[PDB]
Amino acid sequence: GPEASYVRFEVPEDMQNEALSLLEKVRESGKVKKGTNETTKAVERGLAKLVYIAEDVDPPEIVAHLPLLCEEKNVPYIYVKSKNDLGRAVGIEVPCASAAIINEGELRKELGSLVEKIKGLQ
């Protein structure tokens, strides 16, 4: 219905909040790219460890290529309800449709656990 086509699975809210929290914390020791241009290049260049996509992107066409791209490059991705939260999580002043963790820093294990839960959705 209201959700655009590019949202391919439901991410429980607690999993979303863990993921947003880890994305904000990874900036302290690892490296994130933020925004759809850099997110897309991060995946295309083989650099993405975890891609975040906001569910409320409108027009959906801005991020709609990302899930199929991630799947082709075997990059895990997770949805978050709000591009506002996503922009806050990555530390910028405007909404953010998509982001990528590219260096996991000190959070390798927590991101690993999160990725295995994502897999467990489908």
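Think of the rigid core as the biggest set of C-alphas that the two forms share within 1.5 Å after superposition. Note that residue numbering follows the sequence shown and begins at 1.
Here the rigid core sets the fit, and in 6 other deposited structures of this protein the C-alphas of 104 to 112 stray farther than those of the other stretch, out of 15 to 23 and 104 to 112. In this entry, the higher average B-factor at the C-alpha atoms falls on 65 to 73, of the pair 65 to 73 and 48 to 56. Residue-level temperature factors show residue 37 in the middle third of its chain, judged at the C-alpha atom. The deposited CA B-factor of residue 87 belongs to the lowest third of values across its chain.
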